[PDB]
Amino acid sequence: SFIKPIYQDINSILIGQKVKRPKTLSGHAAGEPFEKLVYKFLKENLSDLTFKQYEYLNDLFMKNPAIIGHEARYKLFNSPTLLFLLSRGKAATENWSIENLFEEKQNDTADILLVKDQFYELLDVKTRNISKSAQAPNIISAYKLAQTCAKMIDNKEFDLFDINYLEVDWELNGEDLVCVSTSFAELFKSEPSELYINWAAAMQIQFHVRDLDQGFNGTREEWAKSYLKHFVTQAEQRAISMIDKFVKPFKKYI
């Protein structure tokens, strides 16, 4: 992680920050420009490393004028896994140009990208409302994570990228929201066999950053293989539980 080395500084700068409330306080809509606040800070203390996912792509393509077309542009990633996780559509990659750059995309894997010496850190910011105790938020697609681990193995890319999370806690205070806490955690540091997969909630992994464990002490290849086992096991578990919950109780009506 490029952020961890200076986390204590981010936590310090965030605690106390305020943001004008939408004037609902729930939902992706009433999210938190707190992530914009994180970006602004990472852009200041790590300007040569901080990139919005769409910002990195625009940059990558800008320094390759001779390379045109999606085919030629995809090879620019020089990594099948990073291509899977960062890339944009075919027509979008084909139609890219100086007067038609990439913009924010709702389903982009990462909020902030940090690159240094061919090493990428996919950071995803999670904002939480402390005023209440809610369910763990969506972290990342368990299915997308499964494909990632599959591609890591097939390509032997166990030393290239990390997927980290930064949780920023806030509470209402008058006519604005105020940050009260923060917490950092790396995905590949937790126990892969203990990640809860909420199938209904877009097959998303879920947990509050402040609770995640960081005791995994094996290699990255083992983490991937272990995750895939847990993923396949849970997929079969869901397939069976769906019948007992969405079929059995409704057969009497047919």
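We number the residues from 1 along the sequence you see.
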property	result
Deposited residues lacking coordinates between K23 and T24 (none, 1 to 3, 4 to 9, 10 or more)	1 to 3
Stretch with the greater mean C-alpha B-factor as recorded in the entry, comparing 51 to 59 against 35 to 43	35 to 43
Which of 98 to 106 and 173 to 181 has higher mean CA B factor, as the PDB entry lists it	173 to 181
Peak C-alpha temperature factor (PDB record), options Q118, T148, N138, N155	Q118
Per the PDB entry, maximal CA B factor within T127, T81, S131, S87	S131
Entry-reported Cα temperature factor of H230, expressed as the chain third it lands in	lowest
Chain-relative CA temperature factor third for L123	lowest
Third of the chain, ranked by Cα B-factor, where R210 sits	lowest
Chain-wide C-alpha B factor ranking for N64, given as lowest, middle or highest third	middle
Third of chain Cα B-factors occupied by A72	highest
